[PDB]
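Only one structure is covered here, and it is reproduced in the block below.
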Amino acid sequence: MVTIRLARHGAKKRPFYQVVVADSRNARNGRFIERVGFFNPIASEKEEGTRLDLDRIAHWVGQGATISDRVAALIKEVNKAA
Amino acid sequence: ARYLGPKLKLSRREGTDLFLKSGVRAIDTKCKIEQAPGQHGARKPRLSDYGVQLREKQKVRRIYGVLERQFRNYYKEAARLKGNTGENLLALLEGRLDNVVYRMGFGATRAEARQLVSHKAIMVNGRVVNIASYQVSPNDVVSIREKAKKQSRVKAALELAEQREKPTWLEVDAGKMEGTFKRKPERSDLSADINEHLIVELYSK
Amino acid sequence: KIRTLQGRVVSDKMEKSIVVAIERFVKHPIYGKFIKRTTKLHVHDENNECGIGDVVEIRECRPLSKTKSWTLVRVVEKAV
Amino acid sequence: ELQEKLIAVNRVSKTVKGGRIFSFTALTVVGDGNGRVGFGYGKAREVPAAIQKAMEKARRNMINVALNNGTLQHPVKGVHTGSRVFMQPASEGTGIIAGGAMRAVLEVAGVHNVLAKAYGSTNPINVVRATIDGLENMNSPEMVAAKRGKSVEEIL
Amino acid sequence: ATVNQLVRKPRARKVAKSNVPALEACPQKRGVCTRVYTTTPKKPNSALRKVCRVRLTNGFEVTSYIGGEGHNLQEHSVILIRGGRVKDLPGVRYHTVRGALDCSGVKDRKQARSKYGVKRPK
Amino acid sequence: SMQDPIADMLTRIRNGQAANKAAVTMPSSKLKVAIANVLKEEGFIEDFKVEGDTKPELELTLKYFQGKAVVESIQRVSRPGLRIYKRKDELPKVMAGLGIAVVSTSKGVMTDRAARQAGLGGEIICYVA
RNA sequence: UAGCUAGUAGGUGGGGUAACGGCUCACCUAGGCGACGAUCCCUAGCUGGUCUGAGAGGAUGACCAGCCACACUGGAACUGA
RNA sequence: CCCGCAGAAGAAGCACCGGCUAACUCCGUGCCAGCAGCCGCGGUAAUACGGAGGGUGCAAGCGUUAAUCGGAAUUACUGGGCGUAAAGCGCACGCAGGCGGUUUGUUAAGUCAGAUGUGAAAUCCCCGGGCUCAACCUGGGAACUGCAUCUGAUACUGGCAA
Ligand SMILES: [Mg+2]
Ligand SMILES: [Mg+2]
Ligand SMILES: [Mg+2]
Ligand SMILES: [Mg+2]
Ligand SMILES: [Mg+2]
Ligand SMILES: [Mg+2]
Ligand SMILES: [Mg+2]
Ligand SMILES: [Mg+2]
Ligand SMILES: [Mg+2]
Ligand SMILES: [Mg+2]
Ligand SMILES: [Mg+2]
Ligand SMILES: [Mg+2]
Ligand SMILES: [Mg+2]
Ligand SMILES: [Mg+2]
Ligand SMILES: [Mg+2]
Ligand SMILES: [Mg+2]
Ligand SMILES: [Mg+2]
Ligand SMILES: [Mg+2]
Ligand SMILES: [Mg+2]
Ligand SMILES: [Mg+2]
Ligand SMILES: [Mg+2]
Ligand SMILES: [Mg+2]
């Protein structure tokens, strides 16, 4: 039901996703419960590129929230690089 | 989107040398600078206050080669920034890339500087910047790429710039054809014949 | 510590029911004048004690009828 | 050193048995751009004579304004007949934001940054009188501290 | 003026009325010309102004002025009208748009060509 | 009927200054005494005193500097028909600090400068310039 | 547009609902709302916001987002969390 | 996005010029034709009609129309008036309502101070970052002037008692 996934903001051809925990039934860019970070696929050097609040994500997962595949890969990458 | 007409006609109508010619000759030897253009030029126009404000704004615009929409955006930004609105507007205009390359001397006029910038002769911080209105920041380095460093107009304009007065907020090496934007200029460094307050009032009407 | 209101009984002509009036002193949004405003409530009073003119403390509770959702707590200045 | 400015010139008339007689009136304002300003009203048969007489009359009867660095000490209100004027000090660089008569008087008196607005009738003569009156009935920290028996630091 | 009085009866705005009601807040309207004729202006003017009575697509019948020097307008011609009143001509509150559906551009114009629907001469 | 004694007091002060009277007298109350104390400490009147056991009369000795009246303008702000209350942030600046507004805060009546320094709001009795 | 309201306002009991309840029924009481605008008529999706304005305000509710209502017109239930 | 070829070669229009409002002369017409936001123009010298030259303002746009706010302090809370300009009921009594001389005590309702929760994100604003710049996108903050609760102050207003 409650999931953690990416909402696609930004401009044409330059995506910028917003990692938010939301009810699965809502629209992709629609109603969400909480924002837990961001992910810029076209990020350049010296830019964060990916910021995830691991504490809140852990809280929601413990409450039963699911993690979309891409968000899982982002979490893996973050915990592997740092 | 660019004024392609006679430049000395503008200089006469504003009644002042706007530096639209290279400076090899005198503007009095190139035109009748004392007479406004057109058939009824000898007339003595008793321009009103709105007239003087408009003439000042047009003088600054015709000095810098900036159209009205972009100039008004400049004014909005300057008024938004902290400090003094007129000095901020003149600071932005001086921070224009065309203006910078003209000041350092890789161009006889600002039209020639703009032509270089457009035709990709100029590099800021090592990258070719095509956009003429690009705002150079303090400590930026503006150098001419070699394939246009060979061009003779650069050399001739450099000699003319050495002939002219030198800016105090820019440091240039002609042999390397590179310059540094040391700091934002001030009203002490900007020509005191401009009256920015007229422009401020005009755009606040 | 329970959120309660304090008002004046306006009528007691119903069985196990009174209509109190809470008076609130509120600044007018536009003109800044402080204007008196009244809200009329129906209050459930078991034992039918409260008479017209009393000052009553009321607490909001679960619905008890179509229009009654406030219940009596105590009576202050029971003298009419 | 006195900057001078003509605000308005009008053609008034006086009906006589033989016809109409048209004369010209000129309102001018003079000032030293450093806190002294006066206005003059001059009447003549011709415009040059009228402006000359008005300039002389305004060069006389000047008054002193307590200017603080080219700006007003505090908001002032002025009124003469049906013209009511409001003047407020403003930060450096805003320029002089005022209508024509107020613009002329303040520019010649030396105020460089001020927010102004005229209510009621904008008849130039009364607007000039009202703004000059408001500029004159303005008190500075020095005089206010002296008047209340305090120090300027005590007044802040 | 008293605060209490304004509380009991707030300031009530004067309701603006439009000067071109037959347009119904539209920039232009199509109509079918019902009678082309000439009229006489109010004095201090003297001329023969060209006007047309038009039935609009929303049911209104209105008088519209035909500016310029020369019109091919006759009965049953479909024209486009816009707001704008001819001050010295009572009852006329609209203009016909020259260069629009059937109002042809006035011949032999070199200025205000966009205002009179005249193409650029070659 | 007299329904704003504070406004009456300010009106007597204004009229006495316009009529070049040495001193003015009015019926006393503790709010009036507090206001007169504030005016005296801010230097707008030369002195005040109270005379009387059962019906006290407040006498204010007014101040003139160069022939002209010291109080240039004084206007009641909060009035019975419209009470004015201001939070500490929105306390007014009268004549850009050259004058003083008398504010009644929870710790007594004081000037706007004193209330802003003490971090308090309150009712706005009057402006004095 | 100055009076509106008989399930109308409240109460006891039964039934009904996932849930309180005139939600419904029987009986009893004669109430309830209204000049702080009830009822009636006209217009209208609401908001974050957008434009303007020095501000207070005025107009406004396209796109984006939250909520509501509708699915040719009127009515009704079934399946199902 | 970068590199190479060719050659100024493929690329300037719209409105206006009597005052308000920046920018004026000639010719044609002659209360006609026509212009017009307002004032207004035209009856034989028209800077106001039509063309030309010149000029002014914007510029891949420029004008006209429609609509909202502003200017309009012209519904005035901020911020208006009522002898004669529009505007004090013929006059009085008076219910509801609005306002309340002075002192002390108590309460803490209005009022003020602090804290907590909330005031979705986006939007506006500030400091930065990324698209060659800008538009645009975006990190953080501030704001969301509000509401509710708790703890205090009691001057003023309100309640109560004398
Ligand atoms: Mg463009
Ligand atoms: Mg119910
Ligand atoms: Mg005289
Ligand atoms: Mg007027
Ligand atoms: Mg039951
Ligand atoms: Mg509808
Ligand atoms: Mg305004
Ligand atoms: Mg609305
Ligand atoms: Mg079922
Ligand atoms: Mg002119
Ligand atoms: Mg002629
Ligand atoms: Mg319009
Ligand atoms: Mg208004
Ligand atoms: Mg009036
Ligand atoms: Mg009358
Ligand atoms: Mg009478
Ligand atoms: Mg009292
Ligand atoms: Mg309290
Ligand atoms: Mg950048
Ligand atoms: Mg942002
Ligand atoms: Mg928000
Ligand atoms: Mg008391």
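Convention: sequence-line order gives letters A, B, ...; per-chain numbering from 1. The analysis underlying the following values was restricted to heavy atoms, covering all of them including side chains, and did not include hydrogens, waters or symmetry mates.
Considering only the side chain of B/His119, H/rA8 comes nearest among H/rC112, H/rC35, H/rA8. Nearest to the side-chain atoms of B/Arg13 among the listed nucleotides H/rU56, G/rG10, H/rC127 stands H/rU56. Of the candidate nucleotides H/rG57, H/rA33, H/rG139, H/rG139 has the atom nearest to the side chain of A/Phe16. Residue F/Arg87 places its side chain closer to H/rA113 than to any other of H/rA113, H/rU64, H/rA52. Of the candidates H/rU138, H/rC99, H/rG114, the closest approach to any side-chain atom of F/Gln3 belongs to H/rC99. Each of H/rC77, H/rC133, G/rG22 was ranked by its minimum atom distance to the side chain of B/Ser133; first place goes to H/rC133. Set against H/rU74, H/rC112, H/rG98, the side chain of F/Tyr85 has H/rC112 as its closest nucleotide. Among the nucleotides H/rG129, H/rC2, H/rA36, the one closest to any side-chain atom of A/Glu47 is H/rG129. The side chain of C/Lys68 sits closest to G/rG11 out of G/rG11, G/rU8, H/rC77. Closest approach to the E/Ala1 side chain among H/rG13, H/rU21, H/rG81 is made by H/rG81 (side chain taken as heavy atoms from C-beta onward).
Residues E/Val118 and E/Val106 meet the side-chain proximity criterion, which asks for heavy atoms closer than 4.5 Å.
The furanose ring of G/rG22 falls on the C2'-endo (south) side of the pseudorotation cycle, as its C1'-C2'-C3'-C4' torsion is below zero. Regarding nucleotide H/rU21, the torsion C1'-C2'-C3'-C4' is less than zero, so its sugar is described as south. In terms of the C1'-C2'-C3'-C4' torsion, G/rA35 has a south-puckered sugar. The angle is below zero. For H/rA46, the ring torsion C1'-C2'-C3'-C4' comes out negative, which puts the sugar in the south group.
What separates CG of C/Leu64 from P of G/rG21 is a distance of 8 Å, to the nearest Å. Counting to the nearest Å, the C1' atom of H/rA113 and the CD atom of F/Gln117 are 17 Å from each other. Atom-to-atom, CG of B/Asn125 to P of H/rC131 comes out at 13 Å; the value is rounded to the nearest Å. Rounded to a whole Å, the CG atom of F/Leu58 is 12 Å from the P atom of H/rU103. The interatomic distance linking F/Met110 (CE) with H/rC112 (P) rounds to 16 Å, in whole Å.
Within the 4.0 angstrom heavy-atom criterion, no nucleotide atom of any strand lies near B/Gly41. Within the 4.0 angstrom heavy-atom criterion, base atoms lie near C/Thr38. Counting non-hydrogen atoms under 4.0 angstrom, F/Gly121 reaches the backbone sugars and phosphates but no base. Residue contacts for C/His28: at a heavy-atom cut-off of 4.0 Å it reaches no nucleic acid atom on any strand shown. Within 4.0 Å (heavy atoms only), C/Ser65 reaches sugar-phosphate atoms of the nucleic acid but no base atom. No engagement by C/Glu23 is indicated, since no non-hydrogen atom pair under 4.0 Å with the nucleic acid exists. Using a 4.0 Å heavy-atom cutoff across all strands shown, F/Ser104 reaches at least one base atom of the nucleic acid. Among the protein residues, E/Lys50 comes within range of the sugar-phosphate backbone only, with heavy atoms under 4.0 Å from sugar or phosphate atoms but none that close to a base. Within the nucleic acid shown, E/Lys29 has no heavy atom closer than 4.0 Å to any nucleic acid atom. E/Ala25 comes within 4.0 angstrom of the backbone, heavy atoms only, and of no base.
Residue side chain B/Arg69 does not reach the base of H/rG61 through any donor-acceptor N/O pair under 3.5 Å, judged by distance alone. For H/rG54, its base never sits under 3.5 Å from the side chain of B/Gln39 at any donor and acceptor pair. Between the side chain of A/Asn29 and the base of G/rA65, no donor-acceptor pair of N or O atoms lies under 3.5 Å.
Between the side chains of C/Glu23 and C/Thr38, not a single donor N or O lies within less than 3.5 Å of an accepting N or O. One side chain, A/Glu47 or A/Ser44, offers a donor N or O that lies under 3.5 Å from an acceptor on the other.
H/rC95 and H/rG81 make neither a Watson-Crick nor a G-U wobble pair with both donor-acceptor distances under 3.5 Å.
Side-chain nitrogen and oxygen atoms of C/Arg3 include none within less than 4.0 Å of the OP1 or OP2 phosphate oxygen of H/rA148. The side chain of E/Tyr65 places an N or O atom within less than 4.0 Å of a non-bridging phosphate oxygen (OP1 or OP2) of H/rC35. In this structure, B/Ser48 reaches the H/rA22 phosphate: one of its side-chain N or O atoms is under 4.0 Å from OP1 or OP2. Checking the phosphate oxygens (OP1, OP2) of H/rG101, no side-chain nitrogen or oxygen of F/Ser1 falls inside 4.0 Å.
The six-membered base rings of G/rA19 and G/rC20 fail the test of centres under 5.5 Å apart and planes under 30 degrees, so these neighbours do not stack. Both conditions, centre separation below 5.5 angstrom and plane angle below 30 degrees, do not jointly hold for the six-membered rings of H/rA59 and H/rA60. Adjacent in the strand, H/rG43 and H/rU44 do not form a stacked pair, their six-membered rings missing the 5.5 Å centre or the 30 degree orientation threshold.
Using the six-membered ring where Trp is involved, E/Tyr65 and E/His95 have ring planes that are perpendicular, over 60° apart on the 30 and 60° scheme. Between A/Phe38 and A/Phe16, the ring-plane angle classifies as parallel under the 30° and 60° cut-offs.
In terms of position on RNA chain H, the residue among E/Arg85 and E/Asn19 whose nearest nucleotide sits closer to the 5' end is E/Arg85. Comparing C/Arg24 and C/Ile30 along RNA chain G, the residue whose closest nucleotide (by nearest heavy atom) sits nearer the 5' end is C/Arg24. For the pair C/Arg37 and A/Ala27, both in contact range of RNA chain G, the more 5′-proximal nearest nucleotide belongs to C/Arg37. Heavy-atom distances to RNA chain H give each of B/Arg127 and B/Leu4 a nearest nucleotide, and the one nearer the 5′ end belongs to B/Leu4.
H/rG94: glycosidic angle beyond 90° from 0, hence anti.
Closest heavy-atom contact between D/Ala118 and D/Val85: CB-CG2, 4.2 Å.
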Identify the pairs formed between an N or O of the protein and an N or O of nucleotides 16-18 of chain H at a distance under 3.5 Å, and give each distance.
unit_1: H/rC16; atom_1: OP1; unit_2: E/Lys115; atom_2: NZ; d: 3.0

Side-chain donor-acceptor contacts of residues 81-88 of chain E below 3.5 Å, not counting sequence neighbours, with atom names and distances?
unit_1: E/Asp88; atom_1: OD2; unit_2: E/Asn45; atom_2: ND2; d: 2.7
unit_1: E/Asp88; atom_1: OD2; unit_2: E/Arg49; atom_2: NH2; d: 3.3

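Stacking between D/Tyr119 and the base of H/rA73 is present: ring centres sit under 5.5 Å apart and the planes differ by under 30 degrees.
Relative to the six-membered ring of E/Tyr116, E/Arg109 meets both conditions, a distance below 6.0 Å and an angle of at most 45° to the axis.
Within 6.0 Å of CD1 in C/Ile52 there are 12 or fewer heavy atoms belonging to other residues, nucleotides or ligands.
Using a 4.0 Å cut-off between charged nitrogen and carboxylate oxygen, B/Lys57 and B/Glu68 count as a salt-bridge pair.
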